[PDB]
Structure formats: structure tokens, C-alpha cells
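K.L.:
Sequence first, structure after, both from an experimental entry:
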Amino acid sequence: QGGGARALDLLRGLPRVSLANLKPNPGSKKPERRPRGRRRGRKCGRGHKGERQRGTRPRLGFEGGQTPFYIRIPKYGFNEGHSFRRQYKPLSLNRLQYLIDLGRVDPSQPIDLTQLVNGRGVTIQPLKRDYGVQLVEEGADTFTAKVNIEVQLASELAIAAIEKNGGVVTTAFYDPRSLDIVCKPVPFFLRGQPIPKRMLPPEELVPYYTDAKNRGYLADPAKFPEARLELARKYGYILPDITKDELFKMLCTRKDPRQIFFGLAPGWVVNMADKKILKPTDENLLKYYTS
Amino acid sequence: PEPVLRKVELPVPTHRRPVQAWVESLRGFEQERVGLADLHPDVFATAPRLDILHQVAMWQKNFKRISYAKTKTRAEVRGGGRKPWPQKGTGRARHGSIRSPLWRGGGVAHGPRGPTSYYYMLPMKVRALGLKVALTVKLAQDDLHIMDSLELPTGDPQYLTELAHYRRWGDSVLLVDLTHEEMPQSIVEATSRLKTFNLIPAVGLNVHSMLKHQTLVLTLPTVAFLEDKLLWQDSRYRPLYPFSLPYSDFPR
Amino acid sequence: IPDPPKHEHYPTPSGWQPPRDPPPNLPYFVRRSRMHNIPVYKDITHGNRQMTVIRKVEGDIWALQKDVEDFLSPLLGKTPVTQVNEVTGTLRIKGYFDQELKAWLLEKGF
Amino acid sequence: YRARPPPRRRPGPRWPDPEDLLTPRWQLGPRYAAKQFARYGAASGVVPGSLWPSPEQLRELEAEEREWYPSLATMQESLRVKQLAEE
Amino acid sequence: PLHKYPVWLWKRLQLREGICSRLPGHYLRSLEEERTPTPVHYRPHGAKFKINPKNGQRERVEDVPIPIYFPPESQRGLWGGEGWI
Amino acid sequence: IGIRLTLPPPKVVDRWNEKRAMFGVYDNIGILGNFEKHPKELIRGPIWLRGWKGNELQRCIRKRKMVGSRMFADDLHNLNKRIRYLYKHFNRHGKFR
Amino acid sequence: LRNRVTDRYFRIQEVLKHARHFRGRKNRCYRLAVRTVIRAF
Amino acid sequence: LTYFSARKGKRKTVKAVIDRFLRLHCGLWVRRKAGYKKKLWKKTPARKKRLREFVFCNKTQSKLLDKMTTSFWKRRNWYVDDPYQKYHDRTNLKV
RNA sequence: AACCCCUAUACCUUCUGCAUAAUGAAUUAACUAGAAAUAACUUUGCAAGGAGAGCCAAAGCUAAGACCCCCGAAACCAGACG
Ligand SMILES: [K+]
Ligand SMILES: [K+]
Ligand SMILES: [K+]
Ligand SMILES: [K+]
Ligand SMILES: [K+]
Ligand SMILES: [K+]
Ligand SMILES: [K+]
Ligand SMILES: [K+]
Ligand SMILES: [Mg+2]
Ligand SMILES: [Mg+2]
Ligand SMILES: [Mg+2]
Ligand SMILES: [Mg+2]
Ligand SMILES: [Mg+2]
Ligand SMILES: [Mg+2]
Ligand SMILES: [Mg+2]
Ligand SMILES: [Mg+2]
Ligand SMILES: [Mg+2]
Ligand SMILES: [Mg+2]
Ligand SMILES: [Mg+2]
Ligand SMILES: [Mg+2]
Ligand SMILES: [Mg+2]
Ligand SMILES: [Mg+2]
Ligand SMILES: [Mg+2]
């Protein structure tokens, strides 16, 4: 122990630390260069005549009149529609298992975006066209946790890993407004707005979320048993009977397709200051929020 | 008569042991050694980082600086529209305006252009670490004294001045109480009439004040306050939104 | 950050292992990060200078440097190039050795 | 000396003067009142009934949803027709 | 220095002082109101949202009136909202 | 010529005046005060500069945006002209491209 | 903050002390002396 | 280039660049070949295949394009079924 | 031993090259000219996360330090004044 204890007892015999004996760490304060004196004056590093010394050289990209590189290349739609492309932050099974082992995500309760964000497992940016998380297969071989997880996209192998261990995986759509709310609920509650309804997927995404192969949240529940059995056969494992599990009720807990949060209905106003919930009773309002 | 024995509330790392300081009182001239208080080693025995003290001290001096210095360019000086004399033929140097920076009474070429702000913010964790370093340095150099309370027998400033002299507390003493509202009236009266003995609440503690004052006095409640706030920075998540907004386990 | 839950068997499926209790009796100690992981980090500059950093080192950092030099010398075939920073309690190593150092530090019980 | 009282976040809802010309317009609307209620609750003094859309506002909300957000059955039917044409 | 009030608010301040203060309340309200004239020389969008052909995304649309110059002689007639462009 | 022939009056600085004695107090208002207040809120000065930093062009744009409507006619004219001059300097002139 | 050179007098005397034994104006006029002093050195 | 915009005091992107080049997150820029749609009747198959290739830019051009585009265009994107997803990260690259 | 002896083609700018008979300068005093992003580098903090909502992240991220002059046309336009 030559560090902590030697650095403090050696301070006992030194002058008091004061505002008169402070200095920056060496290397943190590079010297400033001024155009004064033989070395740095005279032409001051600007050269001689031309546009150079006078400060009027052409814009960046200009090549002296030759048709510039960045113009003579043909246009091509590499980035066409980039700002309207849906993005999904990848969440690997390695990362998910890591979060569970450290107690950052609780597998005893349903896992959705809110719990993933609250555990600092994933960072979602709705303003950057993130539409949620995509569960990726990386780490499937060593994934052991039993979870009920709700994601936006899931690979076939990732789904098989979840369901071989006795867990349940569902793919759930969130519109940009809903995604912002579900990711950061507290900032939303401070706006004093009724909880909005979750919008349906766009027409181009309806096939994905109505298909049992993807465990879509709008798919026919009667088709899941066959889909679950097919993966068990393909990847050589026996489909567990989760109906016999002690956590079966929790494993079945799923949000209504119009519900952003478990246990909270559209049109409810959360009063955090008084720790209350306000529910509208007007028939017209109730019809709007329930439709 | 019973000793005031304070223990560290928050978990101390297993490889480290608490440091200790005498608990004293201001009720009498010889009322030293009233107790013995343990102090968390990560707050009062961190590595002595003088470079970090410089960073935080320099931040404190400059982050709220606004310079009001301003000069006029050649465009803002009164007049100066016309060309003072023809370009050619007069034998004189060529000039375009009587308010050129070459001219007496002309504009300033590269003068101050205020108001100018110097605002910047060190990372929150760095500013918290600086406070830890300052407390450790004071303890390591025997400039830190822990009090049970700041209650004086009288409000006379001479008593407090004489007390510091007898106890060899240097020329200047920073007195830190837990809260502004609950400061004892006696210490408030004494310090209000002094210049080198300054009374501040715990929320007002800062590196610059600690370095300007030779001696630092903390009450036992203040010690608990400081350990809680500074150690919270070591074990906290990266924020999801400003800590002023509701969290599950914050505040307290 | 929540404290890691108790596990019947270690290492966990992810590979995490808690620090040994009591701490090892060595001249130096290596504190875990706030996320409870070993503080060994890869670093790169100039697009080509691959380096390894051991952070949060307490006690005799020079003793750690000697131990690291003995541990890595067989792998490299020569003495590793290192920089000891007593002020920050950091040891910087030329080359990428994060995986080997992490396991090596874990075996010591840090 | 003695330090001045620490600067504190002045509690209570702050209601600007509606008849003051220099009052920012954003502090006078219903959206500002809703934020006061969410922050302070009943102490705000905002009638909680004013938080949901009014009957006229609810009519506009429902019209926009009908125009731009089709039902699942409509989208599924449109998908089938498009698929048949491609086939 | 700066003015206490923005210059664009000066005219409204004048209406709160002097004889203008004592004008009828109903009349002062008529002055303050500034309804959008009926579109005469331009065709309104007719909707608040439109689908942009180039990218196929729903975009907000706004009606920006065309500035109209009414000659002084227009004030003795009835031009139906028409003026010079 | 050019140098004074007598010593200037001695400089008297009261290092323990109230302003200096209390310099820095509450600079940790947030860290030690549950983050109810940000330290930048302690900054006093022009409304367009509190807790913000920028180069002269950025400062000019910010001031015109925030208080341009309240500025005196002559002042606003100079500000608009300054913004134009700086736009040309920073975007078109200099050693580097 | 406006900074001005305050000790220019002494800077001039560093050169002129070497030019006292020169002939003519180059023994007192800095513009002239400095060139001749450099040449002398 | 606009180094400081009049409205925001921020750097601007040269949009001519965005219309022609793809930036891979690893720093590489991809482009098409000039003339790949020009006078195909007079060009041989081997030449026409060369002209259809998507090719990388050199160091100097890459540095230039980086300066002519703001940070937004250098972020890591996670587009669904991106054809270029595999090429965003280098493998087995020494020095 | 002041000089006499010996040695020695002012300075700046500009140029392939200037004692040049190329430029500027009587002299003194005062005044009079390098402003910033993109990256990278250096030194701290924390670290698969960083940052005091936004952003970035396949060791990153945050903070800081450190680079981008002066004078000069003939003109052009608007509104006044003759
Ligand atoms: K030079
Ligand atoms: K040189
Ligand atoms: K420039
Ligand atoms: K493109
Ligand atoms: K010259
Ligand atoms: K000649
Ligand atoms: K010549
Ligand atoms: K000549
Ligand atoms: Mg010169
Ligand atoms: Mg020249
Ligand atoms: Mg040339
Ligand atoms: Mg002028
Ligand atoms: Mg003119
Ligand atoms: Mg001119
Ligand atoms: Mg002047
Ligand atoms: Mg690095
Ligand atoms: Mg020649
Ligand atoms: Mg010659
Ligand atoms: Mg000559
Ligand atoms: Mg010539
Ligand atoms: Mg610069
Ligand atoms: Mg023209
Ligand atoms: Mg004209």
C-alpha cells in the first residue's frame, strides 16, 4: 500500500494547499502561438501574395475550375428517403442475459421498452426515427433466462432461444409518439395530458404484426401453438409446457393493442403530485379512448 | 460526559477503513476532545488530486464571468463616410475613411466585442470529486475540525476570535452549518461582525471558499450531509432526464 | 445502480463473477466499476496505437506493474511497454490485452 | 460574514398577469395550465375537468383520425386487394 | 440601452393611455381583431395536411395570402375585396 | 517622455471584503441541493448570455433574436451590419478551408 | 482590458547605451542607432 | 461551405454530396462510376461491368467529403434490412 | 594615444539575382495588423456506457487546452441637395 497512504502522509509535511500554489496538470495547457517576433511574425505563416496570404482562396471543394470531384460523379439514391426509414436499436441475448444477471432487468415481471430503458439496457431515440428494439440472435447459445419480453422486431433464432427456456416473446408496434411516452413516462406525466391511445401499425407493417411466425401482437392466438412447435422441431428442442409453470400468469400478461402501459388505460390523467389517477366518465370521451 | 461517537452510515468498501477526527465543541475554550467520529474514506481519504482542485477552482472563477468590455469598429465610429481625398495626384497616402484603425480617433481593429460570456460546465462527477479532494486535503493537513454544534456561549465576536487563537486555527475560518434556517443565533451574531470568520450553509460549500479559508469547521450533521451527497455520485446510473424530475429513489 | 443479486453458481451465464470476499492480501487493490465490472479498457490513438488501460488501482501501483510484466512477458516474448500514472492510479499498456488481463485480474480475486 | 440565504426554487404555481403586455403568450394558454396541474396537482388550482378535450375538440380529433388512420379491417382489405393485383 | 417594451407593441400601449383609453370597449375590441380576409387572388389549399408526391409523406400545408395593394380610390367604391397585385 | 515621474497611489485591496469572502458560495447548489437549481441560474447579466457561450457571430445572432425587437434603431442597424460583416468573414475568408 | 507598453523607455535604453560613442544622430535616435548597433555587434 | 449559418451559427451540409455518395460508418465513402449510363452502345462488356461497380473513395476524397457533411451523416444507423449493413464495420484490418 | 594602421558594398520590401542608379523611410512621441469550425492531438472524469431530457457509442463519451491579419481602387445602387 504505497499509494493512498503515502500520498496523504506526505501531504502532512507540505505547505497548506491554497489559491497561490495551484497549477494545471502538465500537458493539459498547450501554449498559445502569437504572430510576434522573428519566428512567428513577418509573414506570420500565411505565405507570400496569392489568394493564400490575402485570405481569399476559393471555397472547399473547388478545384481551380476543373469540374470538381463531388460534382462529376453521377447522382444515385444511396440516401434517398433516409429520414423516413424505420430504425431499430439491436438488443442481443448476450446483453439481455447480462442485464438479468446484474439485477438491472427483472425477469420475474414482464419486460418491455420501459423496463429496458429504466435498466439502462438500451437507449432509444424517437427523434432519430427509432421505432423500438430488435431482438438479435447474438448470444443464443448461452442464453438461459426465462423471460416474458415485448419487443418490436425479433429474429427467428432469437425467438427460439427465448421459447426453449420456457419464456414468451411478442412483437409489438409503437408509433413515434407512443414510443417517446413508453420510453420516458415521467416526462410525459409532467405535461398534464391524458394518456393517448397507441396507434395501429402502418399498412405496410400490418402483415408482420398479424403473423404468428413473428409472434405479432395482432396475430390469431390459435395459430401460436403450431408456430411454436415448428421452431422446436427445426432447432431440435422440446417445446416446454408453460401452462404448468408457476409464473404462467405473468408469462401470459400482455398489453391491449391500444394500451401504452400495463394497468393504465387511454384517457387517464396521472396526478403525480397527489399520487392519484383521474378517469373521465363522459360517454363521448370514453368511446373515443376505448375505440 | 458520554463521548459523542459518530459512525459512518453508508457502506465503507471492504478493502478500506474509515478515517477519524476529534469531535469538538464551541461551548468553552478548552472543550476539545468531546468525541470521536468516523469518516467515510472515499470522501475524506481520496487520492490527493491537486490538478483536479485547479480544474474546479478555475471553473468556479470563470463559468459565471461575463465581460462587459466593448470597443467600436471602423463601422461604428461617428462619421467616416467619404473618401478624405482623391486616390491619386495629391502625393499623400491613399485612404478611404477618416475612421480607419490607422487614424487617430478611428475604429479598433481587433478590440473587445462584449458583452462576452465565459460559461462552461465541468462534468458533474468532476465537480463532485473536487469537493472530495478539498475535504481530504484539509483533513490530511490538519485544517479540518469537526464540531457537535456551532452554539457559542455568547454572541460576542471576540470570544470566537480568542477561541480560534487558543486552538491555533489560523487566520481565516470557514464555518459550515447544515441549514441556513437552523443556524444558532449566537454564531450568527458573532460571524456577522467578522471578516475572516464566515458562516455558510452546507449547500454552499465549494472548493474556492475552502481554499481561501485556512481552517474548515464542519458540524457532525454537515458531515453526514456531505457524505450522502458526494457518494451518491459514485454509484448512480447515467441519467435518463434531469435529476430535478421524479425518480423512484431520489430524492433520498 | 442496483447491487447484483445472489447467484447459486458462479460465473453467471453472461460470465460475471463477484469480487472475492475478503479482498486478496496484495500490495495493491483494483476497485470494480460502478457497474461491477473489471476496469480494463481498450484504447486507441492515431488510428494505430493499440493500448490497454487498468484503472481504479489503489495501493502500490508499481507492484501491479511488475506483476503485469511477469504475466504478459511469456505471451509477448518480451517485456511489455507500460506507463505508470501514480497520480491517477492508472497503468497503461501498449497492445490489446483486455481479455487476458480481465481473466487474470479476476483470478487474483479483484 | 454570513452567507445570504441559498437561492431556492420559489415554490407554488406562478400565474402571470393575463393583462400584462410583456407576459409571454405561451404562459397564458391551456397547455401552460395543464403543466401546472401535473407539477403541483390540486395546489395548482386548475379545474381537473379542463384537462380532457372539449366536445368541439373531440369532434376535430375524431375527424382527423378517421381521415388519416384507417382501421385494421380497412388496411387488411386493402392489402388483400393489392396482393391479388400483383398476383 | 434597450426599450422596456418591444417596438411592435408601442401602438397597442398607446391605446391604453389618453383619450384612446376612454373609447368604448366594444369599439376597441373591433380594432384589435384581425381576421384573415377571404381568399380572392389565390386558391386556398382546402386542407391542413397533404401527401407530398415526391416522397409520399404527409406534410402540413399553410395558406399564405398574396399581399394586396388597395389604391386610395378603392375606398370610395366597392371592389369586392379585389385590389392591385 | 512617456513615463510618469512619480509613483502612482498605492493599491489598497481589501481581500476580505464581503464580495471576496463569499465568492463561490452556492456554486454547487445543484450537486448539494438535490438538483433543484442549476448553477447556471446563479449567473447574472444580459438576458441573451446567461448560461450560454458562443463566438462573436453567434452572440450577435443570439442578441438580435432575443432582444432585437427592443433595441434602439441605431443600435439594431449596427448589429445587422455586424452580422453581415462577420458572416462574410467567417464563411468566405481565412487561411483554412 | 486595454494593455499598453509601460516600460518602452528601458527597452530603448538597452540599444542606445551601446550607441553613445557613435557619431551623429545615430547615437541618440533609436531608429538609426539600432541598425548601427547591430552592425557593431 | 457555410461554416456558420446566419440563422443558427452552425455548419451546413453540402447537399450535392448527399445525392452522390454513401458514407459507411467505418469512414469509407462509396460512389458510382462516371459515365456508367453514357453511350453504352460504344463500350465493351468488360468496360460496362467496370462502370457498374460501386467503388470506394481514397483518403483525400474521404477527408473532403467528411468536411462537406455534418455529424448527422456520420452517426451509426440501424435501418431495417439495410443492404449495406455488413459493410459498416471493418474486419481483420491491421495498422 | 580621439584620429592616423588593418577589416567591412546601410536597412526593409521585392526578386533567378539588389551597394544597387529598384520600393519605402527627415526625426521624436503616441497610435497602428491572425477573429473560428470539421476532424485529429494532449491532459482529467466516468466507462459498455458517457452526458445536468435532445446527442453519440462495435472503447466510447464528457470537459478543457491549442490554428485561420491590416490599409487601398476605378465602380454599382437608393434617397436627398444643387
Ligand atoms: K517568421
Ligand atoms: K524561417
Ligand atoms: K472562413
Ligand atoms: K443519395
Ligand atoms: K519597403
Ligand atoms: K544599378
Ligand atoms: K535594380
Ligand atoms: K523607379
Ligand atoms: Mg520587419
Ligand atoms: Mg508582401
Ligand atoms: Mg504568387
Ligand atoms: Mg460608415
Ligand atoms: Mg460613397
Ligand atoms: Mg473604401
Ligand atoms: Mg475611438
Ligand atoms: Mg480513447
Ligand atoms: Mg527582374
Ligand atoms: Mg551584392
Ligand atoms: Mg535605393
Ligand atoms: Mg516597382
Ligand atoms: Mg483562431
Ligand atoms: Mg451589376
Ligand atoms: Mg439612381
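P.N.:
Perfect, thanks for sending it. Numbering: from 1, shown residues only, chains lettered A, B, ... in the order given. Ligands and ions are numbered 1, 2, ... in the order given.
K.L.:
Leaving aside the residues adjacent along the chain, what's closest to residue A:71?
P.N.:
Once flanking residues are discounted, residue A:71 sits nearest to residue H:16: 6.4 Å by Cβ to Cβ, 6 or more residues apart in numbering or on different chains. Where C-beta positions appear, they are placed from N, C-alpha and C, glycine not excepted.
K.L.:
Could you measure from that neighbour over to residue H:63?
P.N.:
17 Å (Cβ to Cβ, to the nearest Å).
K.L.:
By residue count, which helix of the chain is the longest?
P.N.:
Using chain A. helix A:224-234 (DSSP state H).
K.L.:
my bad, the chain I had in mind was chain F
P.N.:
helix F:73-92.
K.L.:
Please name every helix or strand in contact with that helix.
P.N.:
Packing contacts for helix F:73-92, counted by 3 or more Cβ pairs under 8 Å, 6 or more residues apart in numbering or on different chains; DSSP states H and E, involve helix F:56-67.
K.L.:
near RNA strand I at all, the helix it packs on?
P.N.:
Yes: Helix F:56-67 lies within reach of RNA strand I by Cβ under 7 Å from any atom of the strand, at residue F:56.
K.L.:
Outside of that helix itself, list whatever touches it.
P.N.:
B:113, B:115-117, E:2, F:46-49, F:52, F:54, F:71, F:76, F:79-80, F:82-83, F:86-87, F:90, H:4, H:6-9 (Cβ atoms under 8 Å, 6 or more residues apart in numbering or on different chains).
K.L.:
backbone phi and psi for residue 17, please?
P.N.:
In the absence of a named chain, this looks at chain A. For residue A:17, the backbone dihedrals (degrees, to the nearest 10) come out as phi -70, psi 120.
K.L.:
show me the contacts for it.
P.N.:
Contacts of residue A:17 (Cβ under 8 Å, 6+ apart): B:50, B:53, B:137, B:141, B:211.
K.L.:
distance of it from ligand 11?
P.N.:
From residue A:17 across to ligand 11, the span is 57 Å (Cβ to the ion, to the nearest Å).
K.L.:
What is the neighbour count of the closest residue to residue B:18 other than its chain neighbours?
P.N.:
Leaving out its chain neighbours, the residue that sits closest to residue B:18 by Cβ to Cβ, 6+ apart is residue B:38, at 3.9 Å. Per other Cβ atoms under 10 Å in any protein chain shown, the neighbour tally for residue B:38 reads 18.
K.L.:
and residue B:38, helix, strand or coil?
P.N.:
strand (DSSP: H, G, I helix; E, B strand; the rest coil).
K.L.:
beta partners of it?
P.N.:
Counting by DSSP bridges, residue B:38 forms beta bridges with residue B:20.
K.L.:
quick one: it from residue B:6, how far?
P.N.:
According to Cβ to Cβ, residue B:38 and residue B:6 sit 6 Å apart.
K.L.:
can you tell me which residues contact residue E:22?
P.N.:
Per Cβ under 8 Å, 6+ apart, neighbours of residue E:22: none.
K.L.:
Look up phi and psi at it.
P.N.:
Torsion angles, degrees, to the nearest 10, at residue E:22: phi -80, psi 0.
K.L.:
Could you report the neighbour count for whichever residue of chain H sits closest to chain G?
P.N.:
Chain G sits closest to residue H:9 of chain H, with a gap of 25.8 Å, by Cβ to the nearest Cβ. If you count neighbours by other Cβ under 10 Å, residue H:9 ends up with 20.
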